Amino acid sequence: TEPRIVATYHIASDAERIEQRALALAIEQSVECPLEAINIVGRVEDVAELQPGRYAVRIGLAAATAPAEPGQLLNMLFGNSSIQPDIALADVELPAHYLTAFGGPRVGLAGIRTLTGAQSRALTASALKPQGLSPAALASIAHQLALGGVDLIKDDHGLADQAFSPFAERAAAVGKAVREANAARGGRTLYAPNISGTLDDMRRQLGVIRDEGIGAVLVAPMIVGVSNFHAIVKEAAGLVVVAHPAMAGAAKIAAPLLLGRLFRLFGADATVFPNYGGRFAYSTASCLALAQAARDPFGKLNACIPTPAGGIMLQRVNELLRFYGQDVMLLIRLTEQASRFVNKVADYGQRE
């Protein structure tokens, strides 16, 4: 008897129709047949009331149907049900063999700490914006940020391979600028350029990263396909792999499960998400759960650093470090103001 995947879904339904709805869900994410058309059919393990009108439903899905293949796993978890308006995928309990197969973060929270020199303090990141800029202007900005002691500099997630500032030219100009800053200040700032397109495009761009001696990379798994994201993770070669959540909301998969657990499972070393109280609508509950899914014990897998983003000002730093603890990377006269932020973070939870 092979152990099942237990997926938890949240369903908007009545008490009258919830039992029926749950069975239909088991079918939809299994054989997708009437029973008359027929170990493989999904089992309704449990139905619980979260509150009136909203249920949690545990479904046992035959592992046979979903090999350790990211796309196919997602397919069996939520492929068809994603089209329904009354359902969200909330959590997934995978058999241990899935965790070993996928392998999780290759560098992880501990690895990034070592690379950046952040022993115990929280880390800092910034993005290169706006995307209209030439690689030189982007480079100049990166230089100022890195001069300020920021741990990780990432591309705007919108930056890809535009004539504006083609990937090759941008990675060179920026990576060069970050190195120079590191040398002058004795820094260990990382740069994560955004790789894009087909798997062919992504590997070519990874080629440039490696050739330029760049130490990190940014990828939006839900854009490029999780199966390809995972493939790149396996080719990353000690690079810090930073995941971005672009298009993660297109289907109703809960953020903590997706950006936290699944992204981590597939190989993300850091994972970007909109902080509560930022421009987006994540609850504090969700942000905390996301952080925990990224960090907490999960088989033998490395932790992934939660990387919150939003209106993160000098005034928010202590709040966020109280909220998240110090195992977090906060994403926010440039060099001066950057140093201000960096020093505020470093000073957290130590003697005045």
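Residue positions are given as counts along the sequence shown, with the first one as 1.
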Counting residues of the deposited sequence that sit between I332 and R333 but have no coordinates, the total is 4 to 9
Missing residues, deposited sequence, between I38 and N39 (class: none, 1 to 3, 4 to 9, 10 or more):
4 to 9
Stretch with the higher entry mean CA B-factor, where the candidates are 223-231 and 138-146:
138-146
Entry-level comparison of average CA B-factors, 311-319 and 62-70, reporting the higher stretch
311-319
From the list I305, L50, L301, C287, select the residue with the highest C-alpha B factor recorded in the entry.
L50
Candidate residues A246, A184, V240, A243, the one whose C-alpha B factor the record puts highest:
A184
Could you tell me which third, lowest, middle or highest, the C-alpha B-factor of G158 occupies within its chain?
middle
Sort the modelled residues of this chain by their C-alpha B factor and say whether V217 lands in the lowest, middle or highest third.
middle
Chain-relative C-alpha B factor for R261 (record values, thirds): the lowest
Ordered by C-alpha B-factor within the chain, which third holds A294? Give me lowest, middle or highest, please.
lowest
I83 by Cα B-factor - lowest, middle or highest third of the modelled chain
middle
